[PDB]
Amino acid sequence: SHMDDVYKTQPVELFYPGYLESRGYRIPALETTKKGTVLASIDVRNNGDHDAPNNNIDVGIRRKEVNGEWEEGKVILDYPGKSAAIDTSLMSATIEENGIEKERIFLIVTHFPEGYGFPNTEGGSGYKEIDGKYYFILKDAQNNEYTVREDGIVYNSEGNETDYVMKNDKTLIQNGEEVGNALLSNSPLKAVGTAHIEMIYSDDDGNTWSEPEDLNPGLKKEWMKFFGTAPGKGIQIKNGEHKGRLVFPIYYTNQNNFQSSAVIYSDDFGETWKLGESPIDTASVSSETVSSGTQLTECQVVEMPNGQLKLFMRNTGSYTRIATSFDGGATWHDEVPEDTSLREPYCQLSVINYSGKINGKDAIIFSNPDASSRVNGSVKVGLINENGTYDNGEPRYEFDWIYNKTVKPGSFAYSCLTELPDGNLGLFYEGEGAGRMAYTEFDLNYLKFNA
């Protein structure tokens, strides 16, 4: 029996094999809207649990409105064939329009054409810059280059018009008929086999979503191979000099296949994006050229009281790495320590801000498999203490890990926390077995309890 003042719901399954005709599901993401709706998005991995390639993977989402029930799941982003959309990240953000606070929900996801995934991705942005404009590259089977331009007219490398058009959905039209799709590995002209980040947004509290916008052009560097969403959530900076900025954690690989964490950020409410440096970038080390040492991969971000950023990162070492940014994620302090409270078995993790005070301190919630392996799902509570400053004027925040509660003793993999309107926490996690994506709720007391 749990203690008298404790809240913990028996886990339910929000996605499972067969649901929406999908054989497989992975990669939980969970965000709460300002209207108090919980969004749970997921990889609808149609052909099984395996990553890209050789998987028809789409984006699925479920909504639960405040004092409502889990509504039915929808596929909200679908690509031709076995082209994959993999690893989603949700972010609820607001903009003061008139004097009305308007809310937009952003989702980003990594996207690959048929035949491609992390293990075999090619390099590049997928675009050619010609006189300031970015143009979508197509390749023929003899590896010549074409670009997509005005009205989807396909130009060749000599710079002249072909008899091909590409529609937005990557459909290829030649002399009236549809002759293929640029994302399908059997198309006469193909997109570059490389990672993209695509974004969709929702203006109606998750009910409906935009068409995908490729974020690659002008953002992903030509030297990057993998370039991808760090699944979980993004955040909008609440306070400090960079209030209002959108912050989406990502990671990428260089020409040596070395993995570096970073964030992409927007100061114009998602209109344009910029790439921050990796915590891997110092004056000693460049994430472009690095080829040895601790890799920093998937990551999630929290904001300290004055707006300073903390990026928690899956990595090749034994414990979680934390990076600090003083400039809204543009750059990180040179020093990137482990937290030896946060054992890191090489798995995605979730970290979030908590809106209320806990023992009169501000707090974050963390979850991951606390073990050498993907077992022992544990949710921790971290109290934030100031303890000094930096040569540079800004406070030096440290983590007190007061609660550390096992919520799943056996298998536990990817998870994502969210704060509920009522002040409780949701957790959307892998590990219930058999492709089943589990959602549970609990309160702070649940976390205080010692087994």
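One-based numbering along the sequence shown.
As listed in the deposited structure, the average C-alpha B-factor of 159-167 and of 274-282 is greater for 159-167. Checked against the record, the higher mean CA B factor of 91-99 and 258-266 lies with 91-99. Of the candidates 335, 122, 114, 140, the one whose C-alpha carries the top B factor in the deposited record is 335. Per the PDB entry, 177 shows the highest C-alpha temperature factor of the residues 298, 198, 344, 177. Sort the modelled residues of the chain by CA B factor and residue 404 lands in the middle third.
Looking at the C-alpha B-factors along this chain, the one for residue 60 belongs to the lowest third. For residue 127, the recorded CA temperature factor ranks within the lowest third of the chain's modelled residues. Among the modelled residues of the chain, residue 427 sits in the lowest third by CA temperature factor in this PDB entry.
For residue 415, the recorded CA temperature factor ranks within the lowest third of the chain's modelled residues.
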